[PDB]
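Quick look at the structure:
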């Protein structure tokens with residue numbers, strides 16, 4: 001069940017901490033991949049759960065354990081971190097999955113490219129401590145804090161995956177509790193207890209009637225039904241595998257951040273920079289298990305799903321060969337120069353090289369004239385905490401802080417689903433449009449119910465089968481993915497002569513290691529992998545092998561290398577566990593074959618809101634704030650020039666004197682503060698005409714540049730203030746007709762800001778001359 | 272052996288920088304490697320620059336004192352001293368140290384570029400002049416966690432870099448003959464430590480010589496077009512005269528100077544390192 | 001479990017600004033240097049933090065700094081057993097009343113040697129006008145039954161209007177009062193309560209029952225009420241010249257109406273001036289050579305009137326224990342009526358209707374001009390006689406405007422902290438204050454504009470001294486005085502203070518140093 005949405009309206013200024021400051025700011029707010037403020041889904045679930053537990057207290061008569069706490073554990077999942085002792089029941093997952101609440105998509109789009117607006121959404125709030133004795137600001141307790149302007153309307157997807165067997169009665173219970181939590185929730189984020197972050201939270205399609213049903217029925221409920229795993233069901237239908245291999249490219253785009261545990265270590269999880277093929281198998285079930293016995297195919301090895309690597313050159317990127325070495329100072333693929341394929345090239349004279357390790361290289365060919373294109377994955381370390389629910393702060397007993405590396409949004413990946421014709425015949429004969437049905441959005445990774453894990457999947461058209469170049473002199477091997485091999489006693493191990501035996505047997509040839517003193521034969525690194533059987537709630541056995549990008553080369557000692565057998569192994573992969581993406585391999589690739597030392601790398614708007622759009626009122630606040638600061642800056646820029654003060658008002662310095670005397674400016678300045686609104690131009694015009702009538706006061710403004718007329722113009726001509734300031738307001742506006750709406754709005758303040766700036770700036774230059 | 276002795280001795284000298292904690296049982300530092308060419312320690316973060324500077328200065332001085340060095344260093348380079356580069360990663364306590372050290376390796380690899388930028392006069396083969404260098408980063412939560420992403424985020428305009436690194440640590444007199452001396456002075460660590468010192472200065476009522484709000488506007492301006500950032504400096508320096516010290520053009524109208532055809536500034540570092548000196 | 005609340009209390013009503021208010025932002029919607037805090041929608045508002053700390057500050061005085069009690073209401077990050085605050089204070093937007101807007105006060109420093117505006121010591125504070133309203137935004141979660149007795153005291157203190165908020169608390173501003181107090185209760189430990197919170201908006205509770213359960217425990221303070229009238233015209237100059245009349249009285253909004261005003265800062269300043277003058281006179285000290293700031297910093301006035309925060313290798322700054330209220334005219338006007346005076350152009354013409362209106366005698370010019378009387382002044386050239394060219398100017402003298410009694414409010418408790426509890430050492434500062442008041446009642450202290458030019462001299466008819474919870478040796482202060490020489494106070498008490506005063510004169514140490 002999808003398309004339930006939470007809506008949030010912030011009714012006071014609000015703050016979601018990064019848990020740190022930056023520079024002059026002691027607190028700064030979390031911003032999404034579009035640099036706007038947003039509420040992380042992990043916060044949102046945490047707050048909503050907390051209010052639901054308040055309801056559970058009210059229904060369990062304050063018993064901290066009971067039937068209704070049972071329901072909350074049912075709805076929001078158990079907290080096996082905090083329960084302790086010999087708890088026997090498996091920890092249940094939540095039924096409810098909640099995204100991050102983002103700003104409205106149109107408002108978000110409007111800010112694109114408009115950096116100064118993206119800043120103006122926040123503003124600084126001060127804070128201070130007072131010494132109880134002296135009753136003054138306690139120095140070195142002065143604090144400046146970023147907060148986000150109120151009135152923001154945010155929304156997040158919710159998904160419920162209620163059990164299909166769930167009683168209709170229990171659905172209204174769950175709707176009752178969830179509705180109640182939204183109603184009872186009042187605040188989120190930082191300094192809740194001091195008035196930041198007051199909000200309304202509502203579910204689409206839940207209303208008081210849902211609470212009314214609970215209030216009428218709640219005494220009749222029971223404990224929630226016990227949880228059940230969704231087991232597999234094999235069937236044995238699969239027609240036995242026959243060539244050709246079809247190859248379906250799947251494109252994956254990270255719509256949200258994704259967490260892909262490389263190695264857990266205490267309270268922090270490091271992330272990969274590719275998507276393991278194992279993550280997609282659930283999606284294979286959810287979209288193809290109606291057409292063939294997916295589970296039988298895996299056990300037979302009739303299916304392979306590769307890893308997803310970053311897309312480069314329109315295709316799957318390839319992990320950088322460890323045969324490449326860069327000049328320790330000046331070179332390597334990171335610097336676009338000085339890269340040596342040590343299978344073919346000597347080290348340069350004197351210069352020490354270092355082997356390449358990270359990153360991905362795109363396409364290469366027998367003479368590219370350029371180093372292959374290099375890909376990179378952007379990643380960020382997100383941070384979270386646990387609240388100890390009674391003292392309502394983190395504590396070391398509750399585990400404090402934890403953090404995840406994530407792949408950020410907008411990164412894009414490619415993987416290949418590889419199927420024998422045997423299954424494709426079955427699938428196609430049942431549905432010719434199946435490749436259209438592969439288009440889906442799914443959740444994968446760690447923490448997948450919350451803000452993490454949203455990815456788009458999209459089939460391309462069928463790719464061509466790879467066509468390795470046969471070469472009866474030499475076999476050369478590139479590990480495109482991690483390679484797992486059993487030792488001769490079925491244990492895992494990593495000994496390269498096992499792989500020597502393996503390949504020569506599989507290709508039905510004999511191999512000899514490259515013996516040359518200055519061309520390296522072998523460049524491998526070990527690999528070890530943490531993993532979990534989610535089917536069984538236990539870790540997987542620690543896989544050990546060679547990591548992707550390891551490479552090695554051999555001379556062929558005897559036999560002939562069949563080009564067709566090479567193709568087969570490149571499609572199927574070698575070693576163990578190939579089905580989930582390991583074992584992927586490339587033979588005689590031109591990149592391992594060519595010499596590259598001479599080469600280098602190659603050289604390397615927005616639209617308005619409709620006036621009727623609901624967030625237009627919120628955008629109006631951002632527009633005014635950004636305009637105000639820009640006006641203040643540009644007025645102060647123009648006040649800085651002694652020619653500009655003469656141009657605009659005719660004030661100038663002549664010898665020791667100012668024209669007019671400072672008192673005459675001060676008099677005018679005192680009147681100008683009555684110019685609150687454009688109709689008040691009466692008052693300023695009234696003053697100037699009363700001034701002009703008194704000859705002695707009129708001539709006080711002689712030796713100005715026409716000053717009395719210049720002031721009259723600036724106060725009267727609606728355009729003239731904007732002509733002087735000369736601000737391109739286009740990057741500072743986003744509302745339809747916002748420019749005219751805001752110019753007519755701010756006119757009175759623009760005048761006050763400009764004249765005040767000029768008079769003040771003029772005074773400084775008078776002091777220099779005086 | 273002499274190099275190990277120099278390393279240990281310079282460490283004893285440098286740990287004096289932990290002055291504020293000198294009242295209590297143990298200094299907030301842990302050596303983990305302390306010999307060969309290598310120092311590797313964890314320490315209190317805001318101390319690390321001053322600690323590491325004094326280590327490098329003491330290390331260069333110490334290396335001159337040994338005959339076991341002198342005859343080799345003099346023939347290898349023409350100076351009594353050797354030198355060392357350092358990389359400093361500054362992290363929150365829960366930040367995974369594996370990631371932080373990984374960045375420190377990339378940072379020192381950057382700092383070692385002084386080997387390329389500074390060379391022995393008429394050297395043949397061209398060979399690095401002895402000159403200690405620092406690179407560092409402060410891993411704010413949105414600043415990413417890999418060196419390339421970090422530096423990329425600090426290149427908002429394609430022709431512009433908001434950082435100016437590595438910092439040369441060796442004093443000018445010890446470099447004064449070298450080819451690239453003038454480059455080494457532009458990149459001298461002293462330039463940053465001076466400018467941070469300015470931001471820590473106060474006006475008579477006890478408030479810093481630049482207010483925090485103004486600093487925030489300056490950081491914002493650096494992400495704008497050069498002409499906008501150059502404008503913003505003019506506006507604020509006309510009020511807060513101290514910023515006259517921070518201009519880099521030599522025309523007192525830009526925080527930027529032209530460098531290898533790019534525009535770069537040290538000023539941003541003075542904002543972000545504002546607290547991180549002992 | 002989520003924090004096991006037994007009873008949530010919602011506690012709400014109207015807070016009214018009994019004086020103007022200022023809460024500083026970092027830039028604000030005002031053009032000023034000292035600019036108001038505003039919410040993200042630019043509306044004038046009270047930040048929840050600033051109000052919460054104001055309340056917690058007063059609670060600290062009540063509990064005598066017993067932090068082990070405070071931290072169980074307001075929370076603590078350090079104690080493993082405490083954490084989050086049980087009181088909650090939301091933000092409240094300020095409803096400035098109809099037809100009213102932010103006022104700007106002017107502020108100036110007077111060089112104690114020359115008696116004139118000290119170079120650079122000028123400022124222009126924005127203020128919320130008196131009578132603006134905002135919601136009391138409290139919520140409280142009780143983990144045990146009833147309502148904490150100290151929290152009951154706090155609400156009484158708000159109904160008494162004893163808690164000051166925002167900036168400038170010593171010097172005119174920041175007083176607030178609570179009305180319309182409603183308590184809503186929610187028995188969140190039990191089903192009827194939780195559903196009432198979700199749907200039925202709580203059980204009403206009457207305030208009067210809980211108020212009867214406790215005596216309001218006001219902290220030690222001395223009230224000083226001065227009853228006075230202008231003898232010569234008294235005004236503070238409006239911060240901008242008129243068209244018809246050059247010099248106009250200052251006015252402030254007071255709810256619906258405008259009233260003439262003397263800001264507390266002006267009464268504080270003239271009192272501080274005479275206090276300083278007396279001290280330096282006794283010591284034969286000098287200020288001719290000190291800069292303005294060094295002139296301010298002298299003994300006893302430092303403790304009474306306070307000193308700027310100035311960190312020295319220790320902080321010399323401390324809040325002034327003496328506070329003064331704004332004083333308003335008994336007369337009032339509608340806002341447009343006063344605008345008719347400000348916008349008048351002819352002293353013989355449209356001004357006269359506006360003054361007849363504004364004084365409330367539309368029928369009778371003579372009664373209007375017995376209240377507000379315009380007047381002309383000229384500078385006479387010493388050779389020619391007659392007006393020096395351009396030196397013709399005019400004043401709207403408020404000759405007949407009646408004024409309310411000035412309230413001066415002395416925090417005895419805050420002085421006791423500055424003297425480390427040595428209540429005997431209160432005597433000289435109290436003695437000085439009575440000397441300041443003695444000179445004031447003797448007309449020696451002028452107030453407002455034009456003090457050397459036929460304005461500002463005031464009669465005092467009555468001083469009322471009202472000490473609550475005084476130390477017993479100060480009990481004779483509870484008195485009403487009508488003798489300018491204060492002989493209505495007991496001679497033995499005046500002799501006691503005179504002894505302690507002469508003893509301090511003989512060795513004028515920095516008495517606040519223990």
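Residue numbers (the deposited numbering), protein chains in the order written: chain A, 1 to 604, 614 to 779; chain C, 272 to 549; chain D, 1 to 313, 319 to 519.
We put the beta carbon where it would ideally sit given N, CA and C, even for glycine.
Look at residue 307 of chain D: its C-beta is not under 8 Å from any C-beta on chain C.
By the neighbour-count definition (other C-beta atoms within 10 Å, threshold 16), residue 381 of chain D is an exposed residue.
The beta-carbon of residue 33 of chain A is placed no less than 8 Å from the nearest beta-carbon of chain C.
Not one beta carbon of chain D lies nearer than 8 Å to the beta carbon of residue 547 of chain A. Going by DSSP, residue 59 of chain D is part of the alpha helix (DSSP H) stretching over 48–62. Taking C-alpha positions only, residue 541 of chain C is separated from residue 439 of chain C by approximately 16 Å. Shown here, residue 452 of chain A sits in coil according to DSSP, grouped into three states, outside any helix or strand. Counting the other Cβ atoms within 10 Å of the Cβ of residue 276 of chain A gives 16 or more, which makes it buried.
Bounds of the beta strand (DSSP E) holding residue 223 of chain D are 221–230. Taking a Cβ-Cβ threshold of 9 Å, the residues of chain D close to residue 484 of chain C are 26, 27, in chain order. Classified as buried, residue 545 of chain A has 16 or more neighbouring CB atoms from the shown chains inside 10 Å of its CB. Secondary structure note for residue 398 of chain D: its beta strand (DSSP E) is the uninterrupted segment 392–402.
If you check the CB distance, residue 407 of chain C and residue 425 of chain C do not come in under 8 Å. Note on residue 512 of chain C: under 16 other CB atoms within 10 angstroms of its CB, so exposed under the neighbour-count rule. With 16 or more neighbouring CB atoms inside 10 Å of its own CB, residue 307 of chain D falls in the buried class.
Bounds of any beta strand (DSSP E) do not take in residue 295 of chain A; it lies within the alpha helix (DSSP H) bounded by 294–300. Under the three-state reduction of DSSP output, residue 245 of chain A falls in the strand class. Closer than 8 Å to the CB of residue 256 of chain A there is not a single CB belonging to chain D.
Under the three-pair Cβ rule at 8 Å, the region 187–200 of chain A counts as touching the region 45–53 of chain D. For residue 81 of chain D, at least one C-beta of chain A is nearer than 8 Å to its own C-beta. Per DSSP, the continuous alpha helix (DSSP H) segment holding residue 213 of chain A begins and ends at 208–217.
Within chain C, the residues 475, 476, 477 have their CB atoms less than 9 Å from the CB of residue 310 of chain D, given in chain order. Our two residues, residue 208 of chain A and residue 170 of chain A, have alpha carbons roughly 17 Å apart in a direct line. Residue 53 of chain A belongs to the set of residues whose beta carbon lies under 8 Å from a beta carbon in chain D. Put simply, the region 178–186 of chain A does not touch the region 53–70 of chain D. Fewer than three CB pairs are less than 8 Å apart. According to the DSSP secondary-structure assignment, residue 527 of chain A is paired through a beta bridge with A:545.
Excluding five sequence positions before and after residue 624 of chain A, the CB atoms of its chain that fall closer than 8 Å to its own CB belong to 103, 104, 106, 107, 153, 618, given in chain order. DSSP assignment within the region 625–705 of chain A yields the following whole beta strand (DSSP E) runs of 3 residues or more, N-terminal first: 661–663, 666–668. At a cut-off of 8 Å between beta-carbon atoms, residue 10 of chain A makes no contact with chain C.
For residue 254 of chain A, the closest of A:323, A:184, A:412 by C-alpha to C-alpha distance is A:412. Closer than 7 Å at the C-beta level to chain A, one finds these residues of the region 82–101 of chain D: 82, 83, 84, 85, 88, 89, 90, 91.
In summary, residue 244 of chain A is exposed, with fewer than 16 beta-carbon neighbours lying within 10 Å of its beta-carbon over all protein chains present. At least one C-beta of chain C is nearer than 8 Å to the C-beta of residue 649 of chain A.
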